[PDB]
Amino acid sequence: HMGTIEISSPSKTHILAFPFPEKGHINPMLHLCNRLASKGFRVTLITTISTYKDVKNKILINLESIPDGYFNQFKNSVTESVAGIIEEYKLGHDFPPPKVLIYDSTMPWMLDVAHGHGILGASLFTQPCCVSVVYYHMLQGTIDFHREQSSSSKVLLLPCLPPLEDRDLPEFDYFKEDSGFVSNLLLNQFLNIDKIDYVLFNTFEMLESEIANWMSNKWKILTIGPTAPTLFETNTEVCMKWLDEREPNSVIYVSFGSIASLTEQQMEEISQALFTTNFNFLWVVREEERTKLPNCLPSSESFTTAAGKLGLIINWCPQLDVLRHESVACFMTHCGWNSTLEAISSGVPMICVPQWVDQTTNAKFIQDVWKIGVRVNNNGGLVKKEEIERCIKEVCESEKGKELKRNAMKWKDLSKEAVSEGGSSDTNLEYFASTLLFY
């Protein structure tokens, strides 16, 4: 016998990944890249020059930099730079040519860049299935989503979703004159959905069974989350030492994510609740937000509270390590999807303080569907300290809070099952990996 065998393996398959330059898009892409590199794939991650440093410190993965109302031009710039990176890799020798580009779902034009260069495109959605179908329905323009909520109250019924009140819909009016643009960006994720080679969602099937099945019947979506493990952030040693020295189940973790900015009055209400509650607290107040703290209050600051507890204000923390720490009682969150799913994967019940876009819908599901949190009552009204304290008491000091915690521990076990061998998310990711190898 005489002939040649050709082997298609992860080690000689080159995966390109390109997140939108924002931490709630960068981070789940990174986690996915680590998982794919673990399977042996060659993974090159592309990111803008102004996020290269953060991505560089947080992480084996090859890293490439490109350059950065400025969105309309952002599309034009990264279309060109990523296309060039694809062609240069098509001609090199120290790497396999790219087989697939994993791109952020909010950049659907990258599908044309991939297909126009002869490679496959995988769209990574960074928000849950449930709010994403809301975007799809807004795009279809059949049902009327306009809200002059001063005139009456509406409740919207969509297939395979619970009834949504007005305050449960994605929040766009916060952006005022920019609401149309932000709206457009989320809706346009679905413009070319029938042409995407792989539709990836950072969620797990048991979490969103009804709507995921609905989507699975229209499109061939792959639920592959949580992508985070069951990434080196700044202040890791400082935060872990402080938490290590606290009592079990005693710390309220507070963070509003990477971009939300609260008013000075809102900061004062949160501050007065945290300084008077019967719990320790770790509160992330980003450097550029520190000036909105009450004047009566710099990498970090330590406090003894009016209730005799301890507080730490810090400009950033390793959130996943924080959420998995035994000292943490609950998570006061803006309900960004990464924060929500990270808390689910850690068993931490939540106090929901949503600010805009998908955070309002996420809080609806957190409180009423998954039943692992309580949502505060004001979408732009001030949340007063008395209301915050009410939610702390319900979550951390009530029999209802014990049930919320039991619920979160149940969902934590299911998220671990989903990404373990035989789990739905492990199967879907291996479907991605295996079929990329196909002849």
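Numbers for residues come from their place in the sequence shown, where the first is 1. Note that the rigid core is defined as the largest set of C-alphas that superpose within 1.5 Å between two forms.
Novice: Is 221-229 or 71-79 the stretch whose C-alphas end up farther from this model in 6 other deposited structures of this protein after a rigid core fit?
Specialist: Between the two stretches, 71-79 moves farther in 6 other deposited structures of this protein.
Novice: Once the rigid core is matched, which of the two stretches, 329-337 or 151-159, lies farther off on average in 6 other deposited structures of this protein by C-alpha?
Specialist: Once the cores are fitted, 151-159 deviates more in 6 other deposited structures of this protein.
Novice: Counting only other entries that model residues on either side, is residue 51 absent from the coordinates in at least a third?
Specialist: It is not, since residue 51 is included in all of the other entries that model both flanking stretches.
Novice: Would you mind checking whether residue 346 is unresolved in the model of at least a third of the other PDB entries compared?
Specialist: Looking at the other entries that model residues on either side of it, residue 346 is present in every one.
Novice: With residue 83 and residue 84 adjacent in the shown sequence, let me know how many deposited residues between them lack coordinates: none, 1 to 3, 4 to 9, or 10 or more.
Specialist: The entry has no unmodelled residues between residue 83 and residue 84.
Novice: Check the residues of the deposited sequence separating residue 68 from residue 69 and report how many of them have no coordinates, as none, 1 to 3, 4 to 9, or 10 or more.
Specialist: Unresolved stretch here: 4 to 9 residues.
Novice: On mean Cα temperature factor in this entry, is 154-162 or 349-357 the higher one?
Specialist: Here the higher of the two C-alpha B-factor means belongs to 154-162.
Novice: Comparing 8-16 with 21-29, where is the mean C-alpha B-factor higher?
Specialist: Here the higher of the two C-alpha B-factor means belongs to 8-16.
Novice: By the entry's C-alpha temperature factors, tell me which of 410, 53, 35, 371 sits highest.
Specialist: The C-alpha B-factor peaks, among 410, 53, 35, 371, at 53.
Novice: Checking the entry, which one of 90, 176, 195, 334 has the top C-alpha B factor?
Specialist: The C-alpha B-factor peaks, among 90, 176, 195, 334, at 90.
Novice: Lowest, middle or highest third: where is residue 127 by Cα B-factor in its chain?
Specialist: According to the entry, residue 127 has a C-alpha B-factor in the chain's lowest third.
Novice: Taking the values exactly as deposited, rank residue 294 by C-alpha B-factor within its chain and report the matching third: lowest, middle or highest.
Specialist: As the PDB entry reports it, the C-alpha B-factor of residue 294 lands in the highest third of its chain.
Novice: How does the C-alpha B factor of residue 326 compare with the rest of the chain: lowest, middle or highest third?
Specialist: Lowest third.
Novice: Using only modelled residues of the chain, where does the Cα B factor of residue 220 rank: lowest third, middle third or highest third?
Specialist: Its C-alpha B-factor, which the entry lists for residue 220, ranks in the highest third among residues of this chain.
Novice: Mind checking which third residue 167 falls in for C-alpha B-factor across the chain?
Specialist: Residue 167: CA B-factor falls in the middle third of its chain.
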